[PDB]
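# Results of the structural survey
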Amino acid sequence: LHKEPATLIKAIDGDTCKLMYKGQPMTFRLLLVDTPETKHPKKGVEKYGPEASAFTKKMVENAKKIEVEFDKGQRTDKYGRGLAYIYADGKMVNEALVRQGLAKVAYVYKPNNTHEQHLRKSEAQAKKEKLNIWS
Ligand SMILES: Cc1cn([C@H]2C[C@H](OP(=O)(O)O)[C@@H](COP(=O)(O)O)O2)c(=O)[nH]c1=O
Ligand SMILES: [Ca+2]
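Counting starts from 1 on each chain and follows the sequence as written, independent of the entry's numbering; residues without coordinates are not shown. Working convention: letters from A go to chains and numbers from 1 go to ligands, in the order in which they are written. Each side-chain value is derived from all of the structure's non-hydrogen atoms; neither hydrogens nor water enter the calculation.

The deposited coordinates derive from X-ray crystallography, with the record listing a resolution of 2.0 Å.

## Details of the overall build of the protein chain
Scanning the protein chain from N- to C-terminus turns up three helices and eight strands. Per the convention used, a helix needs a DSSP run of H or I reaching at least four residues, while a strand needs a run of E reaching at least two, with both numbered from the N terminus. In the protein chain, the succession of α and β elements from N to C terminus is β-β-β-β-α-β-β-β-α-β-α. Radius of gyration here uses only the C-alpha atoms, and the compact-globule reference equals 2.2 Å multiplied by the residue count raised to the power 0.38. Here the protein chain has a C-alpha radius of gyration of 14 Å; the compact-globule value for 135 residues is 14 Å, and the two agree. Overall size of the protein chain, expressed as C-alpha extent along the three principal axes, is 40 × 30 × 30 Å. Here's how the labels work: a residue is buried when its accessible area is under 20% of the maximum for its type, exposed when over 50%, partly exposed in between, all with a 1.4 Å probe on protein chains only. Residues classed as buried in the protein chain amount to 47% of the 135 residues present.

## Looking at the coordination of the calcium ion (ligand 2)
The donor definition counts N, O and S atoms within 2.8 Å of each metal and applies 3.2 Å to Na, K and Ca; water is not among these atoms, so some sites may look incomplete. Taken together, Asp15 (OD), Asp34 (OD) and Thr35 (O) make up the full set of protein donors to the calcium ion (ligand 2), lying 2.3 to 2.7 Å away. Written as a sequence motif, the donor arrangement for the calcium ion (ligand 2) is D-x18-D-T. One end of the pair, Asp15, is in the loop between β1 (3-11) and β2 (16-21); the other, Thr35, is in the loop between β4 (33-34) and α1 (49-61), and 20 residues separate them in sequence. Of the two residues examined, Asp15 and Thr35, each falls in the buried class.

## Observations concerning the packing of aromatic side chains
Aromatic contacts are taken between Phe, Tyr and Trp rings whose centres are within 6.5 Å, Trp giving its six-membered ring; a plane angle under 30 degrees counts as stacked, one over 60 as edge-to-face, and the others as tilted. Per the stated rule, a full pass over the model turns up four aromatic pairs. On the numbers, 6.0 Å between centres and 85 degrees between planes, the contact of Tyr21 with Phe28 is edge-to-face. The two residues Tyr21 and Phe28 agree in class, both being buried. Pairwise contacts between aromatic rings join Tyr21, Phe28 and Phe70 into one cluster. By definition, being over a ring means that NZ of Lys or CZ of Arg is both within 6 Å of the ring centre and within 35 degrees of the ring normal. Above the face of the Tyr87 ring, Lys3 is positioned so that its terminal group lies 3.7 Å from the ring centre. The ring of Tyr48 has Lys47 lying over it, and the distance from NZ or CZ to the ring centre is 4.3 Å.

## Considering the side chain of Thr35
By relative accessible area, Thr35 is classed as buried at 3%. Of the polar contacts made by the side chain of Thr35, one reaches the backbone nitrogen of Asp15; its length is 3.0 Å. We call two residues in contact when some of their heavy atoms are within 4.5 Å. In this view, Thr35 contacts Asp13, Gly14, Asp15, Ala52, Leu97, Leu102, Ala103 and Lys104; residues no more than four positions away in its chain are not counted. In protein, a polar contact means a hydrogen-donor-capable atom and an acceptor-capable atom, both N or O and within 3.5 Å, with residues adjacent in sequence counting only if both atoms are side-chain atoms; elsewhere, any N or O pair within 3.5 Å suffices.

## Here's the deal with the UniProt feature "binding site: Ca(2+)" in the protein chain
Here, UniProt's "binding site: Ca(2+)" annotation points to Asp15, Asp34 and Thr35. Spanning 21 residues, the annotated positions come together in the fold, the maximum distance between their C-alpha atoms being 6.5 Å. Mapped onto the elements, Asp34 comes out in strand β4. Those residues in contact with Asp34 that lie beyond four places of it in its chain are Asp15, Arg29, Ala103, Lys104, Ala106 and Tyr107. Polar contacts involving the side chain of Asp34 include one to the side chain of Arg29, which spans 3.0 Å. UniProt positions are given in the numbering used here, feature names are shortened, and annotations may be inferred rather than shown by experiment.

## What to know about the UniProt feature "active site" in the protein chain
Taken from the UniProt record, the annotation "active site" applies to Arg29, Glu37 and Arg81. Examined against the element boundaries, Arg29 turns out to sit in strand β3 (residues 24-30). On the accessibility criterion, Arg29 (7% relative accessible area) is buried. Within the secondary structure layout, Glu37 lies in the loop between β4 and α1. If we skip the residues at most four places from it in the chain, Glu37 touches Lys43, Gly44, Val45, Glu46 and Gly49. Of the polar contacts made by the side chain of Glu37, one reaches the backbone nitrogen of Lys39; its length is 2.8 Å.

Okay, structure coming up:
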């Protein structure tokens with residue numbers, strides 16, 4: 001895996017954002033995780049959804065540097081969203097959210113799962129501490 005620079009364009013929710021990547025604006029969806037819905041009517045505003053959005057927004061807007069790290073499989077999902085691990089000043093947003101109990105490890109599709117065990121150990125810790133989603 002290799003990290004590449006990106007420039008924040010707009011934070012959308014806990015797990016989706018818009019970034020300028022390789023010269024063009026693209027919406028990215030965080031790999032291996034799922035923050036609660038705050039948009040789609042079929043799910044409604046789920047608990048911790050607004051919390052997850054806020055955590056992400058703060059984290060990416062206050063960063064000096066943002067980097068995207070694609071995994072080894074497909075780089076986009078069916079909606080044309082970039083699939084990656086996003087780092088804010090060297091800290092992985094995907095893991096950060098899981099650690100706070102603001103996201104669950106989900107959508108584990110091989111071979112896009114390099115950081116699965118890392119994120120899982122952080123989720124176990126959040127559960128163990130009964131944080132947010134786990135309370
Ligand atoms: C994170 C991720 C999401 N997705 C898909 C699965 C879901 O499709 P469906 O929309 O058919 O359920 C949707 C979940 O994203 P959201 O959490 O943004 O909804 O995006 C992938 O294709 N691969 C992934 O790695
Ligand atoms: Ca989501």
